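Peer 1: got an experimental structure here, sequence first:
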Protein chains: 2
Amino acid sequence: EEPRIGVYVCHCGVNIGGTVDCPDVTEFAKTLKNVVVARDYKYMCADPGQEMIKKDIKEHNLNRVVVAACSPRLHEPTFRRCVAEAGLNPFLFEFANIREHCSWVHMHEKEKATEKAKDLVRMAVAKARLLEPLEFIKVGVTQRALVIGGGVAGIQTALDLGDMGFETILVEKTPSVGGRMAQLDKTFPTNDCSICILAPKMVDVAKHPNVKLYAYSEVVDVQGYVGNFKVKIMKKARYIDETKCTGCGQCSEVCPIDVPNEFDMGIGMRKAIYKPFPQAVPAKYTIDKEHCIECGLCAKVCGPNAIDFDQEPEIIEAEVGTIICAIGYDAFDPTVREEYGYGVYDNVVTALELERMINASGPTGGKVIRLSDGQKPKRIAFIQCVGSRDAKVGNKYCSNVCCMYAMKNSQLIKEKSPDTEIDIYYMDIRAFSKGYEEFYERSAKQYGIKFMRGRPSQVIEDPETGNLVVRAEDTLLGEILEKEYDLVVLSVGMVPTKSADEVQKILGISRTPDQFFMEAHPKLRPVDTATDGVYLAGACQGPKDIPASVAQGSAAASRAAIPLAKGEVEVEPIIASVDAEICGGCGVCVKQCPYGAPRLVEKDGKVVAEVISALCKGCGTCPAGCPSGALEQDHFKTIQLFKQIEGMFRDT
Amino acid sequence: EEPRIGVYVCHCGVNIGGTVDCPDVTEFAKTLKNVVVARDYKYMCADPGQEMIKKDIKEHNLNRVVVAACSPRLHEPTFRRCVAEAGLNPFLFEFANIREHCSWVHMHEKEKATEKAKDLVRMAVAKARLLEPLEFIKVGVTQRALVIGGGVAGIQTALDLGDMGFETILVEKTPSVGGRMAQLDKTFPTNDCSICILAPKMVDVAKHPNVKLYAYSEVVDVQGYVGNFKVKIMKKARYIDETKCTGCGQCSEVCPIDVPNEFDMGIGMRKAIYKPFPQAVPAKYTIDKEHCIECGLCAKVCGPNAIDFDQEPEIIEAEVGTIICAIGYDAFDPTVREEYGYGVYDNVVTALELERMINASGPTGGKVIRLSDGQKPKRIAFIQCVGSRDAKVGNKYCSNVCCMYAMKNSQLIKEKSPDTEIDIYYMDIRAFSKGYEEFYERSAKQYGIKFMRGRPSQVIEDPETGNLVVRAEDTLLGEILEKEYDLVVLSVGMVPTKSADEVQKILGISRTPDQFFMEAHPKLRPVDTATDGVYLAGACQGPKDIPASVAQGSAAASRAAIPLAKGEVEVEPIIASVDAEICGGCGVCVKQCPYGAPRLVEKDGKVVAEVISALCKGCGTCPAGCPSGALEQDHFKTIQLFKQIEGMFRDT
Ligand SMILES: Cc1cc2nc3c(=O)[nH]c(=O)nc-3n(C[C@H](O)[C@H](O)[C@H](O)COP(=O)(O)OP(=O)(O)OC[C@H]3O[C@@H](n4cnc5c(N)ncnc54)[C@H](O)[C@@H]3O)c2cc1C
Ligand SMILES: Cc1cc2nc3c(=O)[nH]c(=O)nc-3n(C[C@H](O)[C@H](O)[C@H](O)COP(=O)(O)OP(=O)(O)OC[C@H]3O[C@@H](n4cnc5c(N)ncnc54)[C@H](O)[C@@H]3O)c2cc1C
Ligand code: SF4
Ligand code: SF4
Ligand code: SF4
Ligand code: SF4
Ligand code: SF4
Ligand code: SF4
Ligand code: SF4
Ligand code: SF4
Ligand code: SF4
Ligand code: SF4
Ligand code: SF4
Ligand code: SF4
Ligand SMILES: [Fe+3]
């Protein structure tokens, strides 16, 4: 049948129309072969736009639709549903990106943007002509979810999913769940005890009938696609019998190797054999082989003889339908900001270190003290925006929680020591949510915490006393201050967790300019990722506080429960297949597929290749590498791409 | 059975122990009748403390436990589970608040705080003896949800729930869904059209097989409890047949009466027969009988003969298991801040009015013009924090979105008119989320938008030109500015929607100090309300942007789907019941219950009262008002409270 194309040019208000002469693109579109209808409209995704496309498909008997608008990554599915509702196969629809790829990047070159939009429409029309109707692959959904990361976000997702009756697996890297919230002393704006409100949830998750918690474990491989993921979990060896482990802690005294306690941010000192924190769930010990010397002194003291160095990590194979990534974040390392002297001056600390110092169960026994002499500081300075809103360190974003935790900890220090003078050096106080501005008002009126508007230039240590001097301009007075302090606290920003690189490669997700994981759309889909069946929850998606993280955990559980509840999802048939009449079995394609989909086989007495459709993810590498042309990826066939290339220069 | 009590005194590190002599309280506790065990421990809510109680319950065959520590509002559930795990009924457990209520408020009066702690332990022990074992009530959950409010939040909740396969009802007050987002032109920080994200969602929700949309309707009554709500929806009369209506609008051209358009904030003029905005869903028309003259001119042009002036509102009865409140918000009315002259000066407008002015489909055709002469403003001033962070107007909170929308609309005005000079008068720029600080950086570096740190003192109009003068201190220079402008935009804050009062009374939910709806807990239950089966989503819970509102919509869908998925929920048994042998049917209790649980009935030839257990929420008002003592609230019986009162002065 002959192509009958409908070209729709969107103005997107003035986002496109303001730069691209949309009516002119529409007139040009009509001059192309097979383009029987062409219209321009203010909002193509809106109800009148979709109804326009639909009505035209029926009235003008179109078999190809071209939408010249935003990015397919945003609305390709929207328009596929719109055309499918009118009876047109969704793979006979072609998107032409003239907004993100044209109007938004060529704002001061309108005539050239208009010319570029015409070529992109022509390139789309060129591919559209040779597109073919494909059947969306209906696949089943394994009734099981996987949550990676055991913090407040991941815990919330697994609790909601388990409460809905869905089998859920929760994988936690460290020996205990709880995340950074377990390291905090109290939480703003209520000043609630962090662990005192988090432990009940850690307990609920550990004994939930629908949640399988795998602590001290890591996801090492994820294969498959939405509804059919095959996941490999490595249950790391603690080198201590899990069942015979009482969790008393008497084998650590003998250990001669001291390791800096990660939980205490490097202030505290733990042993090779240890426990992360007192309220840890599950309550069990672990041997760190990265620092263990295998002297066996701990084994001589250990009664049960739970210690076993011949313990081997177990690889667990599990099948899940959806995956929620909630690996959280790490605190920025301020050593780079050399003028603040972190790592040089003893009394300059990060706010996360301060949290561990304030926390009752911390290394200093809940006592805020100077690391140089052990004395309690009488004067303290908080420096805001450390590692945030700073191009020199590559973090041009706001870490969201630093203004609030700085004011919070200042209140906690005042409650414990009212005579302590506290000054906060800031640019903007961001107390933007419920009770936050009130919390800010309170810090000053009730606790007498002082605020200086001015980002400090440098910190200088007095080598005689260990005291620090903060150099900064009081911008509200137009004068330079040089105030002395007993302790300087750096309000460090949030950065992606160290393992984020590994987790990205395993799930196949992307990152935003801030290096955190990328959501499908900031407003249309805040917890979904462009990768179907993979969602996000918490700080790994971007800097945010506890409630925002808990809300995302719940949101991710809802989004992740949709495929599980439906029990069936539709996946793209943009897969590779071998033309047996052309394949002479050269074997080049076999090793190119990382999923082993193409395989050599005997057919009609000779050897040919055959793609196992289910294992093909649709990359297009093997057809590109096929020297006979027998292999072709549906929707990205060489001929289709060839016509698309011709389209940039001429009509074909 | 004789009470066997176990009293546990917590030190909470030194939070209690540092003020209250805990070992002394423990000694005193042992002198009370029925106390078999009494122990003091550093952290009772920790694993060792919980195991200590569980072990003692079994080893000393205890039937009552008293924990003298923090507030039951924090750990009552924790200790309930702890004792229930040891076999002790959770209602035989009694909390004594000696931290929030004693050690934390009597820090400088240790002796008296110790004496007070002893009395509180004695008061608890006194009630404990007469406590009884109670069993939770199991009720079924109607597999249906109700979403009130058709904004982006409510739409998101309805879509997720419907996508999960749950029958959902979406009630929208105005003739179209979309909310305030529908009124915006673009949305920060992506500068997408509001329609980009919202319209496809409006489209989907209107044709969702599991969602019943009731536009131009209001919930007028809600009765029952979680899983068993009986709701009444009033389908208001549009005076047009929706099934017959095409939504062409030939009628709008013929109608001779002009009504101010609410959607355009009074800056637009609509007709008696109308469609809120061009992209409205349902794409149907409505007749405002408040202004219609009944000339019947619109009926002459309507082909399908849809106009019916004899239309009567229909009351729909529906049964739902859960309810999600997403009624949104209203823009603050700045008339009160008389110094800014809103409602006096023609060229002083609110940012929401500006949104309608700058929207292509708005009254001015997307042209920002002065309302005094129709001329385009060459100089514009944005005043931040209007109606927020201000005690004089009673709004001491941050409205969250004003810094961002002010910078967004300034970018939009510059794209349309680069020669326009824009100055933003602010205190703090709150660009706190992903891409926000970047958006802020961009407004200044790319668009040349200027920022003045100074909350303006007043605006003064030139009566001859209509131009405004902004009086403010440039705090970063310590000088007073008196700059002239062609248009002043007031960045109005968010306040609860007008109907919030009516909805609050229907659902039985509370409000936080900012007048927005109150969440169960800020940190851990951000979308649940203290009223079981009633959840929140969006701006009605507090000022927030679209990304957060969509996330809450999804979060609410997850939380609201838990009871629906379980199909069974439990209810606290701290309810009222009548002792038939004592009740002589005096009828005093009946009218005291706002839920109508106590009812008069005939039993064995005589009249007696009978509480319908499921309708009792457990307030204790009718038993308190019962003159025969036949009515009692389990867990708060008069005798139980009497002993508690005696306990303050002596041992019972
Ligand atoms: C100094 C400071 C003070 C703060 N104060 C407050 C406050 O007072 N109130 C407030 O609301 N918020 C506060 N915040 C923000 C708060 O810490 C976060 O909102 C919270 O930690 C986010 O929880 P999360 O689960 O998203 O991430 P996380 O808490 O970091 O949890 C992530 C979890 O996943 C695990 N994990 C990491 N990588 C992997 C992997 N590859 N595989 C498996 N598991 C993995 C981690 O070990 C961790 O347990 C503060 C932040 C800082 C830095
Ligand atoms: C001037 C301005 C500019 C803004 N710009 C941005 C921006 O650029 N980006 C951004 O992210 N955010 C922005 N915001 C914030 C944004 O408007 C909100 O986040 C968003 O509208 C939240 O939608 P909602 O569903 O929570 O409430 P709403 O949008 O207010 O929707 C509430 C819905 O419920 C309905 N309703 C009300 N009462 C009842 C009842 N009794 N029964 C039934 N239905 C009822 C209403 O008719 C309405 O449809 C801006 C706000 C303002 C004021
Ligand atoms: S290894 Fe043995 S001594 Fe060490 S905590 Fe476990 S049970 Fe106790
Ligand atoms: S064998 Fe390893 S864990 Fe045990 S005492 Fe020696 S160094 Fe410590
Ligand atoms: S939340 Fe506050 S301290 Fe933190 S990056 Fe933003 S402005 Fe800076
Ligand atoms: S690369 Fe092509 S010709 Fe070679 S075996 Fe594979 S499909 Fe056949
Ligand atoms: S196109 Fe080829 S290389 Fe790519 S996933 Fe498919 S079978 Fe593998
Ligand atoms: S039981 Fe209450 S008072 Fe005691 S340690 Fe726990 S939170 Fe603190
Ligand atoms: S989202 Fe895409 S189709 Fe919709 S108005 Fe914007 S550019 Fe147009
Ligand atoms: S003329 Fe009739 S069909 Fe057309 S929009 Fe008006 S009421 Fe609806
Ligand atoms: S009958 Fe009513 S709706 Fe129709 S034209 Fe007259 S005033 Fe307008
Ligand atoms: S978001 Fe900005 S303009 Fe709005 S109340 Fe807060 S500080 Fe003021
Ligand atoms: S108030 Fe008491 S005595 Fe009177 S009818 Fe009710 S239960 Fe009976
Ligand atoms: S105790 Fe309260 S809720 Fe219960 S039946 Fe009596 S008045 Fe109603
Ligand atoms: Fe506690």
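Peer 2: That came through, no problem. Numbering: from 1, shown residues only, chains lettered A, B, ... in the order given. Ligands and ions are numbered 1, 2, ... in the order given.

Peer 1: burial of the residue in the stretch 251-400 of chain A that ligand 1 sits nearest to, as a residue count?
Peer 2: Nearest to ligand 1 in the stretch 251-400 of chain A, going by Cβ to the nearest ligand atom, is residue A:328, at a distance of 2.4 Å. Bear in mind the C-beta positions are built from the backbone N, C-alpha and C, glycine included. Per other Cβ atoms under 10 Å in any protein chain shown, the neighbour tally for residue A:328 reads 26.

Peer 1: wait, it touches residue A:541, no?
Peer 2: No - at 9.8 Å, residue A:328 does not count as touching residue A:541 under the criterion of Cβ atoms under 8 Å.

Peer 1: name the nearest residue to residue A:179, ignoring sequence neighbours.
Peer 2: In this structure, residue A:179 finds its nearest non-sequential neighbour in residue A:151, 2.6 Å apart by Cβ to Cβ, 6 or more residues apart in numbering or on different chains.

Peer 1: ok, now which ones touch the one you found?
Peer 2: Residues in contact with residue A:151 (Cβ atoms under 8 Å, 6 or more residues apart in numbering or on different chains) are A:177, A:178, A:179, A:180, A:181, A:326, A:328, A:538, A:539, A:549.

Peer 1: list phi and psi for residue A:268.
Peer 2: For residue A:268, the backbone dihedrals are phi -70, psi 170 (criterion: degrees, to the nearest 10).

Peer 1: list the residues that contact it.
Peer 2: A:260, A:261, A:356, A:362, A:363.

Peer 1: hmm, residue A:380 is touching residue A:419, no?
Peer 2: No - counting by Cβ under 8 Å, residue A:419 is not a contact partner of residue A:380; they are 11.6 Å apart.

Peer 1: compare the two and say which is more crowded by neighbours.
Peer 2: Neighbour count, other Cβ under 10 Å: between residue A:380 and residue A:419, residue A:380 has more, with 25 against 7.

Peer 1: show residues contacting the helix or strand containing that one.
Peer 2: For residue A:380, the enclosing helix or strand under DSSP states H and E is strand A:379-386. Surrounding strand A:379-386, the residues in contact under the criterion Cβ under 8 Å, 6+ apart are A:332, A:334, A:337, A:340, A:350-351, A:398-399, A:402-403, A:406, A:409-410, A:413, A:420-427, A:455-456, A:459, A:468, A:470, A:483-493.

Peer 1: and ligand 1, is it touching that?
Peer 2: No - under the criterion of Cβ under 6 Å from any ligand atom, ligand 1 is not reached by strand A:379-386; the shortest gap measures 10.8 Å.

Peer 1: how about the residues of chain A that lie near ligand 4?
Peer 2: A:254-255, A:257, A:271-273, A:287, A:292-298.

Peer 1: those in helices, which ones?
Peer 2: In this view, those that belong to helices under DSSP state H are A:297, A:298.

Peer 1: can you pick the most crowded of the residues of chain A next to ligand 4?
Peer 2: Note: the member of those with the most neighbours is residue A:273, at 26 neighbours, neighbours being other Cβ under 10 Å.

Peer 1: is that residue in a bridge, and if so with what?
Peer 2: Under the criterion DSSP bridges, residue A:273 forms beta bridges with residue A:287.

Peer 1: one step back: what subset of the contacts of strand A:379-386 is buried?
Peer 2: Neighbour-count burial (16 or more other Cβ atoms under 10 Å in any protein chain shown) is assigned, among those, to A:332, A:334, A:337, A:340, A:350-351, A:398-399, A:402-403, A:406, A:409-410, A:413, A:420-427, A:455-456, A:459, A:468, A:470, A:483, A:485-493.

Peer 1: name the residues of stretch A:358-373 that come out as buried.
Peer 2: Under the neighbour-count criterion of 16+ other Cβ under 10 Å, stretch A:358-373 has A:358, A:359, A:360, A:361, A:362, A:363, A:364, A:366, A:368, A:369, A:370, A:371 buried.

Peer 1: for burial, what's the neighbour tally of residue A:441?
Peer 2: Here the neighbour count serves as a burial measure; for residue A:441 (other Cβ under 10 Å) it reads 15.

Peer 1: distance of the one residue in the stretch 151-300 of chain A that gets nearest to ligand 12 relative to residue A:434?
Peer 2: Of all residues in the stretch 151-300 of chain A, residue A:189 sits closest to ligand 12, with a separation of 14.8 Å (Cβ to the nearest ligand atom). Between residue A:189 and residue A:434 the computed distance is 8 Å (Cβ to Cβ, to the nearest Å).

Peer 1: which of the three states applies to the closest residue to ligand 6 within the stretch 51-200 of chain A?
Peer 2: Distances between the stretch 51-200 of chain A and ligand 6 by Cβ to the nearest ligand atom are smallest at residue A:132, namely 19.4 Å. Using DSSP: H, G, I helix; E, B strand; the rest coil, the structure places residue A:132 in coil.

Peer 1: cheers, nothing more for now.
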